[PDB]
Amino acid sequence: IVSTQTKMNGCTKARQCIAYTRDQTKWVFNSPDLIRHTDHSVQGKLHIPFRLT
Amino acid sequence: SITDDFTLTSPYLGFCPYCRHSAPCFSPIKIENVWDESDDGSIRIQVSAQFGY
Amino acid sequence: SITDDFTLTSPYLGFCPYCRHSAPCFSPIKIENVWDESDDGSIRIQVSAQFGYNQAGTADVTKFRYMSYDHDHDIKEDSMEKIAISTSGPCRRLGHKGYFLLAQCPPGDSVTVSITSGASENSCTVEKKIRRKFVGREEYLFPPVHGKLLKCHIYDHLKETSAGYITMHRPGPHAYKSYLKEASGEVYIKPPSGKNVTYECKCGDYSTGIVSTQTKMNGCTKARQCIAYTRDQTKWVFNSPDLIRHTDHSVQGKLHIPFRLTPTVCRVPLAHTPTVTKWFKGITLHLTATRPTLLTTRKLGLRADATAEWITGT
Amino acid sequence: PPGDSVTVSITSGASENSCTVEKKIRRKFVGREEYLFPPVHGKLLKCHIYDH
Amino acid sequence: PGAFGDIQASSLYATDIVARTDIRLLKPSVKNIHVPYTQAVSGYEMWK
Amino acid sequence: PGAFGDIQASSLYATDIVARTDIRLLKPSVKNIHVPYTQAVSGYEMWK
Amino acid sequence: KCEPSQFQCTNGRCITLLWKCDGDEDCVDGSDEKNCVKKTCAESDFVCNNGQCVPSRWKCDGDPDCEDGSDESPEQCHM
Amino acid sequence: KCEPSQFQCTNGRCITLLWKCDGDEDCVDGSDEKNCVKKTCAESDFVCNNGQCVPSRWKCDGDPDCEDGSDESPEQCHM
Amino acid sequence: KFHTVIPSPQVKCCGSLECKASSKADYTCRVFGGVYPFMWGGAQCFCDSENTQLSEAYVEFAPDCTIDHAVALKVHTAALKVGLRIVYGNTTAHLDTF
Amino acid sequence: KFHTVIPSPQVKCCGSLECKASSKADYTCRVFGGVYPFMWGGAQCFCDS
Ligand SMILES: [Ca+2]
Ligand SMILES: [Ca+2]
Ligand SMILES: [Ca+2]
Ligand SMILES: [Ca+2]
């Protein structure tokens with residue numbers, strides 16, 4: 001984890017590295033277009049409005 | 001328990017099969033599910049965006 | 001050779017079979033040809049107006065030039081934001097160059113090119129069956145996300161590609177009745193201020209001349225016995241069936257037809273693989289199809305009892 | 001255009017309303033040949049239209 | 001006319017194109033300048 | 001699969017739901033993240 | 001004579017009704033235009049004080065054109 | 001080799017023609033990118049004085065980005 | 001698919017036009033006797049009923065025919081070329097024969 | 001009518017993933033060999049295949 005520029009070590013191309021931010025913590029839908037966390041446990045539930053009455 | 005606190009949740013980017021330019025793209029309004037069981041023609045749409053907040 | 005000098009060319013007025021008022025009229029946006037051979041549903045539209053160029057003929061992506069109804073053969077320029085293509089609903093504009101437009105259009109029975117605002121608000125509707133086109137042996141509404149890549153031919157969005165040429169011809173005469181007066185029982189020739197007008201009269205005998213002022217004519221009792229046109233115009237025009245040709249109709253130049261049909265690869269659906277039930281000397285195919293899918297069979301012996309079916313449903 | 005209903009709307013203002021009734025508006029042609037819109041070349045046939 | 005090969009050429013860029021598509025030129029009826037014509041359908045399209 | 005009763009349960013809110021809907025998971029092809037799948041139709045809809 | 005589908009010139013040859021009162025002279029003596037009440041002037045057509053339909057270019061061109069001369073009056077176009 | 005419907009990188013693998021010339025580095029040596037005339041540079045992507053696409057966030061962040069270092073130039077950002 | 005080319009009409013006010021011969025595909029030429037044509041601007045001929053119009057129509061190759069075209073061929077006797085993988089002893093030979 | 005729940009995909013960038021057994025209705029699991037997936041922001045792994 002870094003907070004400024006870092007030269008790294010022995011990397012010649014950028015495709016050998018990935019960088020992400022862990023600041024995000026707001027829950028998201030169980031969508032097929034997102035890569036899941038290492039802990040894909042149900043953190044909460046949200047209502048589905050407009051009940052069939 | 002089911003929560004109504006959307007400060008804990010966040011919208012996301014999906015993969016829409018058909019964007020404005022007639023090609024797939026990453027979109028903030030990806031349509032996940034469509035439900036049409038109403039007898040008066042109304043439909044329920046799920047979108048990666050959050051409305052009313 | 002094929003030139004791209006649009007300063008040498010000019011737009012013209014066609015005869016659209018369906019103007020805004022649902023009647024034939026003379027239009028600056030007449031549709032000459034419509035081509036739909038693209039596997040992605042794009043069409044090529046030829047218009048009497050020139051798009052992507054300003055009044056002088058220089059390149060300007062935001063401007064289109066057209067022929068005015070004014071009796072001075074004027075060329076006016078307006079913004080391309082007023083150009084709308086529609087078939088049943090609005091179409092997406094993919095490119096423009098010269099007389100040619102490229103549009104992504106929904107299916108319909110007509111093609112409409114419109115000037116949506118301004119003094120020269122007009123429309124041109126020609127009859128053309130734009131249908132839904134798909135590649136391969138399985139129907140789709142739009143290309144899927146997951147599938148196999150197949151060879152398809154589409155219209156290149158780049159205007160620097162050519163699919164042929166169109167012939168440029170010298171402009172013909174254009175007689176205007178604004179040049180005739182018919183004061184009391186005599187006909188007067190009215191040139192448009194500082195311009196030279198050539199007249200032709202059959203008032204007993206054939207009379208012709210180039211004039212720059214009021215002319216009394218000879219023995220002309222009615223204005224229908226004389227015509228008057230201006231020979232100043234020299235900019236080439238398309239070989240259109242709505243203009244009277246010049247005495248010399250040799251090919252003066254050639255213009256490119258943009259948006260060439262190029263080979264590319266499309267994404268086509270892969271159907272649900274069937275369940276095969278095996279019995280004595282035969283199979284049963286439990287086939288799931290949401291949209292029409294092709295089932296082709298043939299025996300691998302002397303006689304191939306070929307079957308071809310379009311299957312929808314389970 | 002052809003359709004299955006007729007709608008009259010006030011498109012803005014305080015009295016912004018609408019009204020839809022069910023009526024089959026079909027495509028009408030004159031003579032023994034079908035067309036989308038009248039052609040440019042043809043013959044002249046007696047037809048009855050609504051005076052503007 | 002109306003059949004496959006109603007238009008024939010030795011190549012695509014040849015100047016020896018031969019065709020028989022039943023082009024009937026009609027007498028103009030409207031005042032506006034017009035060449036009215038009627039033609040058979042494309043034999044290529046019909047064969048397609 | 002494809003017939004009435006392809007999904008069964010003792011109740012609507014039961015935790016012992018049983019199904020056989022012929023879910024085939026396909027190899028991803030596009031570069032974007034994708035779970036590609038194909039499935040039979042709803043036997044409930046076919047029976048309706 | 002000819003059917004009501006055609007309007008007779010005052011010459012003997014009859015043109016169709018679509019060509020009558022259409023702003024275009026298609027009678028040899030003009031008997032298809034100077035009878036109907038289509039007195040409207042075009043968008044670019046100047047109107048005399050006498051009501052004649054004269055092209056806008058004809059206004060203050062230096063020579064009288066319209067019957068009353070309003071096209072060349074000093075009041076109507078300053079000189 | 002492989003069919004003309006694919007692009008052969010200078011490694012031994014061919015990817016689809018659409019994957020070439022589309023903004024992503026697909027071959028191990030990036031051959032699918034460093035060949036085209038795709039000089040279009042994104043809306044959020046600032047264009048350096050040397051012609052290179054550099055994201056707007058890097059602009060005068062305190063560290064040089066471009067070959068000429070135009071991002072840190074005091075003319076670009078007052079400091 | 002053919003593309004119908006209708007050149008600009010030729011009109012002669014008081015005079016007659018002749019149908020000439022051209023080598024283009026399905027060249028149809030006809031002459032009509034009295035027309036009195038109109039463009040935007042009124043009548044284009046001074047002559048009352050002696051106006052002659054010349055209509056030309058030939059066909060060409062549509063611009064998209066470089067892709068959507070069919071080739072008609074006549075095929076004579078067919079010949080069989082086989083590839084073999086003969087294995088004799090512990091040697092494998094790959095050869096192509098007629 | 002059934003609702004097909006497709007969970008968020010799991011990717012391991014340099015390593016192997018194993019199918020597990022779950023009691024949900026018609027639980028199908030498959031493991032694919034070389035992916036290199038892309039999101040809005042580029043590649044999500046550092047390995048190549
Ligand atoms: Ca008339
Ligand atoms: Ca005057
Ligand atoms: Ca690439
Ligand atoms: Ca910087």
# chains A, B, ... in the order shown; residues from 1 in each chain; ligands from 1

call {"tool": "residues_near_ligand", "arguments": {"ligand": "ligand 2", "cutoff": "12 Å", "atoms": "only C-alpha atoms and all ligand atoms", "output": "MDAnalysis selection string"}}
result
(chainID C and resid 181 183 190 192:193 214) or (chainID G and resid 46 48 54:74 76:77)

call {"tool": "write_last_selection", "arguments": {"atoms": "N, CA and C atoms", "output": "PDB file, in the first residue's frame"}}
result
ATOM      1  N   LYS C 181     -41.870  40.408 -67.887  1.00  0.00           N
ATOM      2  CA  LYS C 181     -42.737  41.437 -67.320  1.00  0.00           C
ATOM      3  C   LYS C 181     -44.155  41.400 -67.883  1.00  0.00           C
ATOM      4  N   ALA C 183     -45.918  43.901 -69.677  1.00  0.00           N
ATOM      5  CA  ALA C 183     -46.480  45.133 -69.133  1.00  0.00           C
ATOM      6  C   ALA C 183     -47.923  45.373 -69.557  1.00  0.00           C
ATOM      7  N   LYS C 190     -36.136  41.203 -67.981  1.00  0.00           N
ATOM      8  CA  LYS C 190     -35.600  41.760 -66.739  1.00  0.00           C
ATOM      9  C   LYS C 190     -34.412  40.941 -66.260  1.00  0.00           C
ATOM     10  N   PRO C 192     -31.390  40.074 -63.613  1.00  0.00           N
ATOM     11  CA  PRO C 192     -31.277  40.269 -62.152  1.00  0.00           C
ATOM     12  C   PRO C 192     -30.158  41.242 -61.785  1.00  0.00           C
ATOM     13  N   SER C 193     -30.478  42.531 -61.882  1.00  0.00           N
ATOM     14  CA  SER C 193     -29.564  43.642 -61.568  1.00  0.00           C
ATOM     15  C   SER C 193     -28.324  43.484 -62.447  1.00  0.00           C
ATOM     16  N   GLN C 214     -33.461  46.360 -69.437  1.00  0.00           N
ATOM     17  CA  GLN C 214     -34.789  46.176 -70.006  1.00  0.00           C
ATOM     18  C   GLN C 214     -34.711  46.057 -71.523  1.00  0.00           C
TER      19      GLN C 214
ATOM     20  N   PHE G  46     -43.360  40.678 -53.482  1.00  0.00           N
ATOM     21  CA  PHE G  46     -43.794  41.993 -53.032  1.00  0.00           C
ATOM     22  C   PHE G  46     -45.212  42.277 -53.517  1.00  0.00           C
ATOM     23  N   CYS G  48     -47.971  45.322 -54.448  1.00  0.00           N
ATOM     24  CA  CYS G  48     -48.204  46.735 -54.709  1.00  0.00           C
ATOM     25  C   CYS G  48     -49.289  47.287 -53.793  1.00  0.00           C
ATOM     26  N   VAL G  54     -45.840  41.266 -57.520  1.00  0.00           N
ATOM     27  CA  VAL G  54     -44.609  41.574 -58.242  1.00  0.00           C
ATOM     28  C   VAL G  54     -43.437  41.000 -57.454  1.00  0.00           C
ATOM     29  N   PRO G  55     -42.405  40.467 -58.108  1.00  0.00           N
ATOM     30  CA  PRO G  55     -41.257  39.948 -57.358  1.00  0.00           C
ATOM     31  C   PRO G  55     -40.552  41.051 -56.584  1.00  0.00           C
ATOM     32  N   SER G  56     -39.995  40.669 -55.431  1.00  0.00           N
ATOM     33  CA  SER G  56     -39.339  41.637 -54.556  1.00  0.00           C
ATOM     34  C   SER G  56     -38.143  42.294 -55.229  1.00  0.00           C
ATOM     35  N   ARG G  57     -37.477  41.585 -56.145  1.00  0.00           N
ATOM     36  CA  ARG G  57     -36.344  42.171 -56.850  1.00  0.00           C
ATOM     37  C   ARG G  57     -36.768  43.361 -57.702  1.00  0.00           C
ATOM     38  N   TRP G  58     -38.018  43.372 -58.168  1.00  0.00           N
ATOM     39  CA  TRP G  58     -38.478  44.445 -59.041  1.00  0.00           C
ATOM     40  C   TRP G  58     -38.616  45.768 -58.301  1.00  0.00           C
ATOM     41  N   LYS G  59     -38.617  45.742 -56.971  1.00  0.00           N
ATOM     42  CA  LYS G  59     -38.825  46.955 -56.192  1.00  0.00           C
ATOM     43  C   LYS G  59     -37.594  47.853 -56.238  1.00  0.00           C
ATOM     44  N   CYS G  60     -37.833  49.144 -56.484  1.00  0.00           N
ATOM     45  CA  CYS G  60     -36.798  50.158 -56.699  1.00  0.00           C
ATOM     46  C   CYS G  60     -35.623  49.600 -57.505  1.00  0.00           C
ATOM     47  N   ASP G  61     -35.956  49.080 -58.685  1.00  0.00           N
ATOM     48  CA  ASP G  61     -34.967  48.654 -59.662  1.00  0.00           C
ATOM     49  C   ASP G  61     -34.603  49.755 -60.646  1.00  0.00           C
ATOM     50  N   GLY G  62     -35.243  50.919 -60.555  1.00  0.00           N
ATOM     51  CA  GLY G  62     -34.971  52.026 -61.444  1.00  0.00           C
ATOM     52  C   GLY G  62     -35.986  52.246 -62.545  1.00  0.00           C
ATOM     53  N   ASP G  63     -36.914  51.314 -62.760  1.00  0.00           N
ATOM     54  CA  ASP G  63     -37.908  51.449 -63.815  1.00  0.00           C
ATOM     55  C   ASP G  63     -39.281  51.064 -63.276  1.00  0.00           C
ATOM     56  N   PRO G  64     -40.331  51.820 -63.603  1.00  0.00           N
ATOM     57  CA  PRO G  64     -41.672  51.460 -63.125  1.00  0.00           C
ATOM     58  C   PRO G  64     -42.137  50.142 -63.720  1.00  0.00           C
ATOM     59  N   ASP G  65     -42.702  49.292 -62.865  1.00  0.00           N
ATOM     60  CA  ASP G  65     -43.141  47.970 -63.293  1.00  0.00           C
ATOM     61  C   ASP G  65     -44.622  47.760 -63.008  1.00  0.00           C
ATOM     62  N   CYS G  66     -45.073  48.203 -61.839  1.00  0.00           N
ATOM     63  CA  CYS G  66     -46.435  47.946 -61.406  1.00  0.00           C
ATOM     64  C   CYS G  66     -47.348  49.067 -61.905  1.00  0.00           C
ATOM     65  N   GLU G  67     -48.644  48.755 -62.007  1.00  0.00           N
ATOM     66  CA  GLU G  67     -49.575  49.653 -62.692  1.00  0.00           C
ATOM     67  C   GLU G  67     -49.601  51.039 -62.057  1.00  0.00           C
ATOM     68  N   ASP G  68     -49.697  51.110 -60.733  1.00  0.00           N
ATOM     69  CA  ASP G  68     -49.775  52.398 -60.058  1.00  0.00           C
ATOM     70  C   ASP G  68     -48.416  53.061 -59.880  1.00  0.00           C
ATOM     71  N   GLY G  69     -47.326  52.361 -60.176  1.00  0.00           N
ATOM     72  CA  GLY G  69     -46.003  52.911 -59.975  1.00  0.00           C
ATOM     73  C   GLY G  69     -45.522  52.913 -58.544  1.00  0.00           C
ATOM     74  N   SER G  70     -46.252  52.269 -57.628  1.00  0.00           N
ATOM     75  CA  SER G  70     -45.828  52.210 -56.234  1.00  0.00           C
ATOM     76  C   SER G  70     -44.501  51.484 -56.066  1.00  0.00           C
ATOM     77  N   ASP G  71     -44.142  50.610 -57.007  1.00  0.00           N
ATOM     78  CA  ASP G  71     -42.854  49.933 -56.933  1.00  0.00           C
ATOM     79  C   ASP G  71     -41.693  50.912 -57.061  1.00  0.00           C
ATOM     80  N   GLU G  72     -41.907  52.048 -57.729  1.00  0.00           N
ATOM     81  CA  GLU G  72     -40.860  53.036 -57.958  1.00  0.00           C
ATOM     82  C   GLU G  72     -41.182  54.394 -57.345  1.00  0.00           C
ATOM     83  N   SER G  73     -42.152  54.458 -56.441  1.00  0.00           N
ATOM     84  CA  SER G  73     -42.426  55.713 -55.764  1.00  0.00           C
ATOM     85  C   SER G  73     -41.288  56.038 -54.798  1.00  0.00           C
ATOM     86  N   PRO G  74     -40.927  57.315 -54.650  1.00  0.00           N
ATOM     87  CA  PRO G  74     -39.869  57.662 -53.687  1.00  0.00           C
ATOM     88  C   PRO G  74     -40.218  57.296 -52.256  1.00  0.00           C
ATOM     89  N   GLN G  76     -42.025  54.619 -51.253  1.00  0.00           N
ATOM     90  CA  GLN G  76     -41.911  53.178 -51.064  1.00  0.00           C
ATOM     91  C   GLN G  76     -40.467  52.694 -51.052  1.00  0.00           C
ATOM     92  N   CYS G  77     -39.568  53.375 -51.761  1.00  0.00           N
ATOM     93  CA  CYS G  77     -38.144  53.055 -51.708  1.00  0.00           C
ATOM     94  C   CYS G  77     -37.385  54.366 -51.867  1.00  0.00           C
TER      95      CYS G  77
END

call {"tool": "interface_residues", "arguments": {"of": "chain J", "to": "chain A", "cutoff": "6 Å", "atoms": "only C-alpha atoms", "output": "ChimeraX atom specification"}}
result
/J:6-10,46

call {"tool": "write_last_selection", "arguments": {"atoms": "C-alpha atoms", "output": "PDB file, in the first residue's frame"}}
result
ATOM      1  CA  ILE J   6     -25.760 -15.193 -11.494  1.00  0.00           C
ATOM      2  CA  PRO J   7     -23.451 -14.108  -8.653  1.00  0.00           C
ATOM      3  CA  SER J   8     -20.550 -11.740  -9.130  1.00  0.00           C
ATOM      4  CA  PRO J   9     -17.753 -13.680 -10.875  1.00  0.00           C
ATOM      5  CA  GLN J  10     -14.707 -14.715  -8.869  1.00  0.00           C
ATOM      6  CA  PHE J  46      -1.350  -9.033 -13.480  1.00  0.00           C
TER       7      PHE J  46
END

call {"tool": "residues_around", "arguments": {"residues": "residue 17 (chain B)", "least_positions_apart": "5", "cutoff": "9 Å", "atoms": "only C-alpha atoms", "output": "JSON, numbers by chain"}}
result
{"B": [22, 23, 24, 25, 30], "C": [142, 143, 144, 145]}

call {"tool": "write_last_selection", "arguments": {"atoms": "C-alpha atoms", "output": "mmCIF file, in the first residue's frame"}}
result
data_model
loop_
_atom_site.group_PDB
_atom_site.id
_atom_site.type_symbol
_atom_site.label_atom_id
_atom_site.label_comp_id
_atom_site.auth_asym_id
_atom_site.auth_seq_id
_atom_site.Cartn_x
_atom_site.Cartn_y
_atom_site.Cartn_z
ATOM 1 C CA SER B 22 -25.392 0.362 -30.928
ATOM 2 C CA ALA B 23 -22.448 -1.427 -29.286
ATOM 3 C CA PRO B 24 -21.852 -2.911 -25.827
ATOM 4 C CA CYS B 25 -20.261 -0.552 -23.317
ATOM 5 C CA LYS B 30 -27.372 -1.027 -17.002
ATOM 6 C CA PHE C 142 -29.093 -6.667 -31.731
ATOM 7 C CA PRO C 143 -25.717 -8.442 -31.660
ATOM 8 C CA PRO C 144 -25.228 -10.319 -28.385
ATOM 9 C CA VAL C 145 -22.419 -9.957 -25.887
#

call {"tool": "calpha_fit_and_write", "arguments": {"fixed": "chain E", "moving": "chain F", "output": "tab-separated table (two decimals) with N, CA and C atoms, in the first residue's frame"}}
result
chain	number	residue	atom	x	y	z
F	1	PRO	N	-35.33	-11.04	-68.57
F	1	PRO	CA	-35.76	-10.10	-67.53
F	1	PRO	C	-36.44	-10.81	-66.38
F	2	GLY	N	-36.14	-10.35	-65.16
F	2	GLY	CA	-36.73	-10.90	-63.97
F	2	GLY	C	-36.13	-12.20	-63.49
F	3	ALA	N	-35.06	-12.68	-64.11
F	3	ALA	CA	-34.42	-13.93	-63.74
F	3	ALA	C	-32.94	-13.70	-63.50
F	4	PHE	N	-32.30	-14.71	-62.90
F	4	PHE	CA	-30.88	-14.64	-62.61
F	4	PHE	C	-30.09	-14.41	-63.89
F	5	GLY	N	-29.09	-13.53	-63.81
F	5	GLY	CA	-28.26	-13.26	-64.96
F	5	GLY	C	-28.81	-12.25	-65.94
F	6	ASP	N	-29.80	-11.45	-65.54
F	6	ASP	CA	-30.33	-10.44	-66.44
F	6	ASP	C	-29.29	-9.38	-66.80
F	7	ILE	N	-28.30	-9.16	-65.94
F	7	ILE	CA	-27.15	-8.33	-66.26
F	7	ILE	C	-25.91	-9.21	-66.18
F	8	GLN	N	-25.08	-9.15	-67.23
F	8	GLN	CA	-23.89	-9.98	-67.33
F	8	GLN	C	-22.71	-9.13	-67.75
F	9	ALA	N	-21.52	-9.53	-67.29
F	9	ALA	CA	-20.28	-8.87	-67.67
F	9	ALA	C	-19.13	-9.83	-67.40
F	10	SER	N	-18.05	-9.65	-68.16
F	10	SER	CA	-16.88	-10.49	-67.96
F	10	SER	C	-16.14	-10.15	-66.67
F	11	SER	N	-16.36	-8.96	-66.12
F	11	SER	CA	-15.72	-8.53	-64.89
F	11	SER	C	-16.58	-7.46	-64.25
F	12	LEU	N	-16.22	-7.08	-63.02
F	12	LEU	CA	-16.94	-6.01	-62.34
F	12	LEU	C	-16.61	-4.65	-62.95
F	13	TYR	N	-15.38	-4.47	-63.40
F	13	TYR	CA	-14.93	-3.22	-63.99
F	13	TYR	C	-14.82	-3.30	-65.51
F	14	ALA	N	-15.60	-4.17	-66.13
F	14	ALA	CA	-15.59	-4.31	-67.58
F	14	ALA	C	-16.43	-3.21	-68.23
F	15	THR	N	-16.13	-2.95	-69.50
F	15	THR	CA	-16.84	-1.95	-70.28
F	15	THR	C	-17.80	-2.57	-71.29
F	16	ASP	N	-18.01	-3.88	-71.24
F	16	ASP	CA	-18.88	-4.59	-72.18
F	16	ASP	C	-20.11	-5.19	-71.50
F	17	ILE	N	-20.66	-4.47	-70.52
F	17	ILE	CA	-21.79	-4.99	-69.76
F	17	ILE	C	-22.99	-5.17	-70.69
F	18	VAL	N	-23.66	-6.31	-70.57
F	18	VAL	CA	-24.85	-6.62	-71.34
F	18	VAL	C	-26.00	-6.84	-70.36
F	19	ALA	N	-27.17	-6.32	-70.70
F	19	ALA	CA	-28.32	-6.44	-69.81
F	19	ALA	C	-29.60	-6.52	-70.62
F	20	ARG	N	-30.62	-7.10	-70.00
F	20	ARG	CA	-31.98	-7.08	-70.55
F	20	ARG	C	-32.93	-7.05	-69.34
F	21	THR	N	-33.31	-5.84	-68.95
F	21	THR	CA	-34.06	-5.62	-67.72
F	21	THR	C	-35.45	-5.06	-67.97
F	22	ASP	N	-35.89	-5.00	-69.23
F	22	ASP	CA	-37.24	-4.57	-69.59
F	22	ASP	C	-37.53	-3.16	-69.09
F	23	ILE	N	-36.77	-2.20	-69.61
F	23	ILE	CA	-36.96	-0.80	-69.29
F	23	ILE	C	-37.96	-0.22	-70.28
F	24	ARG	N	-39.15	0.12	-69.80
F	24	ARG	CA	-40.16	0.76	-70.61
F	24	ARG	C	-40.21	2.24	-70.25
F	25	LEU	N	-39.99	3.10	-71.24
F	25	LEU	CA	-40.00	4.54	-71.04
F	25	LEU	C	-41.39	5.06	-71.36
F	26	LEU	N	-42.03	5.68	-70.37
F	26	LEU	CA	-43.42	6.08	-70.47
F	26	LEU	C	-43.54	7.55	-70.87
F	27	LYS	N	-44.70	7.90	-71.40
F	27	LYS	CA	-44.94	9.27	-71.81
F	27	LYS	C	-45.06	10.17	-70.58
F	28	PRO	N	-44.33	11.28	-70.53
F	28	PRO	CA	-44.46	12.18	-69.38
F	28	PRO	C	-45.88	12.73	-69.26
F	29	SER	N	-46.35	12.83	-68.03
F	29	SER	CA	-47.70	13.30	-67.75
F	29	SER	C	-47.73	14.57	-66.92
F	30	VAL	N	-46.94	14.64	-65.85
F	30	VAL	CA	-46.91	15.83	-65.02
F	30	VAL	C	-46.22	16.96	-65.76
F	31	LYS	N	-46.50	18.19	-65.32
F	31	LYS	CA	-45.86	19.34	-65.95
F	31	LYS	C	-44.39	19.42	-65.59
F	32	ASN	N	-44.01	18.95	-64.41
F	32	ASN	CA	-42.61	19.01	-64.00
F	32	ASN	C	-41.77	18.04	-64.83
F	33	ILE	N	-40.47	18.33	-64.92
F	33	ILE	CA	-39.59	17.52	-65.74
F	33	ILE	C	-39.44	16.14	-65.11
F	34	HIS	N	-39.63	15.11	-65.92
F	34	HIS	CA	-39.72	13.75	-65.41
F	34	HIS	C	-39.36	12.77	-66.51
F	35	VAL	N	-38.53	11.79	-66.17
F	35	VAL	CA	-38.37	10.61	-67.01
F	35	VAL	C	-39.12	9.49	-66.31
F	36	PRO	N	-40.32	9.14	-66.76
F	36	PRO	CA	-41.05	8.05	-66.12
F	36	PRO	C	-40.68	6.71	-66.73
F	37	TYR	N	-40.39	5.73	-65.88
F	37	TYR	CA	-39.94	4.44	-66.37
F	37	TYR	C	-40.53	3.35	-65.49
F	38	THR	N	-40.65	2.16	-66.06
F	38	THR	CA	-40.99	0.96	-65.31
F	38	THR	C	-40.05	-0.15	-65.74
F	39	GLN	N	-39.75	-1.05	-64.81
F	39	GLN	CA	-38.67	-2.00	-65.01
F	39	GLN	C	-38.99	-3.29	-64.26
F	40	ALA	N	-38.35	-4.37	-64.70
F	40	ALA	CA	-38.49	-5.64	-64.01
F	40	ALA	C	-37.70	-5.62	-62.71
F	41	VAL	N	-37.97	-6.62	-61.86
F	41	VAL	CA	-37.22	-6.73	-60.62
F	41	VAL	C	-35.82	-7.27	-60.92
F	42	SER	N	-34.94	-7.14	-59.94
F	42	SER	CA	-33.60	-7.67	-60.08
F	42	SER	C	-33.64	-9.19	-60.00
F	43	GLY	N	-33.22	-9.85	-61.07
F	43	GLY	CA	-33.13	-11.29	-61.05
F	43	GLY	C	-32.17	-11.78	-59.98
F	44	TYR	N	-31.15	-10.98	-59.67
F	44	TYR	CA	-30.24	-11.32	-58.58
F	44	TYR	C	-30.98	-11.35	-57.25
F	45	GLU	N	-31.83	-10.36	-56.99
F	45	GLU	CA	-32.60	-10.36	-55.75
F	45	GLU	C	-33.62	-11.50	-55.72
F	46	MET	N	-34.27	-11.77	-56.85
F	46	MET	CA	-35.21	-12.89	-56.89
F	46	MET	C	-34.50	-14.21	-56.62
F	47	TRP	N	-33.32	-14.40	-57.21
F	47	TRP	CA	-32.56	-15.62	-56.98
F	47	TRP	C	-32.05	-15.69	-55.55
F	48	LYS	N	-31.68	-14.55	-54.95
F	48	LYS	CA	-31.29	-14.55	-53.55
F	48	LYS	C	-32.44	-14.98	-52.66

call {"tool": "residues_near_ligand", "arguments": {"ligand": "ligand 3", "cutoff": "8 Å", "atoms": "only C-alpha atoms and all ligand atoms", "output": "VMD selection string"}}
result
chain H and resid 18 to 27 30 32 to 33

call {"tool": "residues_around", "arguments": {"residues": "residue 13 (chain I)", "least_positions_apart": "4", "cutoff": "8 Å", "atoms": "only C-alpha atoms", "output": "PyMOL selection string"}}
result
chain I and resi 45-47+50-52

call {"tool": "select_by_dssp", "arguments": {"residues": "chain E", "states": "strand (DSSP E or B)", "output": "ChimeraX atom specification"}}
result
/E:7-8,18-19,24-25,32,37-38

call {"tool": "write_last_selection", "arguments": {"atoms": "N, CA and C atoms", "output": "mmCIF file, in the first residue's frame"}}
result
data_model
loop_
_atom_site.group_PDB
_atom_site.id
_atom_site.type_symbol
_atom_site.label_atom_id
_atom_site.label_comp_id
_atom_site.auth_asym_id
_atom_site.auth_seq_id
_atom_site.Cartn_x
_atom_site.Cartn_y
_atom_site.Cartn_z
ATOM 1 N N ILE E 7 -28.343 -9.217 -65.980
ATOM 2 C CA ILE E 7 -27.199 -8.370 -66.288
ATOM 3 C C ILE E 7 -25.947 -9.231 -66.197
ATOM 4 N N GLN E 8 -25.113 -9.172 -67.231
ATOM 5 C CA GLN E 8 -23.938 -10.022 -67.343
ATOM 6 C C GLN E 8 -22.737 -9.195 -67.772
ATOM 7 N N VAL E 18 -23.670 -6.263 -70.618
ATOM 8 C CA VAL E 18 -24.877 -6.550 -71.381
ATOM 9 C C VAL E 18 -25.997 -6.837 -70.395
ATOM 10 N N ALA E 19 -27.194 -6.342 -70.696
ATOM 11 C CA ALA E 19 -28.324 -6.556 -69.807
ATOM 12 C C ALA E 19 -29.619 -6.532 -70.603
ATOM 13 N N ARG E 24 -39.186 0.053 -69.796
ATOM 14 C CA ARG E 24 -40.219 0.688 -70.602
ATOM 15 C C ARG E 24 -40.303 2.154 -70.203
ATOM 16 N N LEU E 25 -40.058 3.040 -71.162
ATOM 17 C CA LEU E 25 -40.075 4.475 -70.916
ATOM 18 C C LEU E 25 -41.465 5.012 -71.226
ATOM 19 N N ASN E 32 -43.984 19.069 -64.387
ATOM 20 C CA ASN E 32 -42.597 19.092 -63.950
ATOM 21 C C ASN E 32 -41.772 18.082 -64.737
ATOM 22 N N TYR E 37 -40.339 5.743 -65.813
ATOM 23 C CA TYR E 37 -39.886 4.460 -66.318
ATOM 24 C C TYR E 37 -40.451 3.356 -65.442
ATOM 25 N N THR E 38 -40.561 2.170 -66.023
ATOM 26 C CA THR E 38 -40.905 0.969 -65.284
ATOM 27 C C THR E 38 -39.963 -0.145 -65.714
#

call {"tool": "select_by_dssp", "arguments": {"residues": "chain F", "states": "helix (DSSP H, G or I)", "output": "list in words"}}
result
residues 43, 44, 45, 46 and 47 of chain F
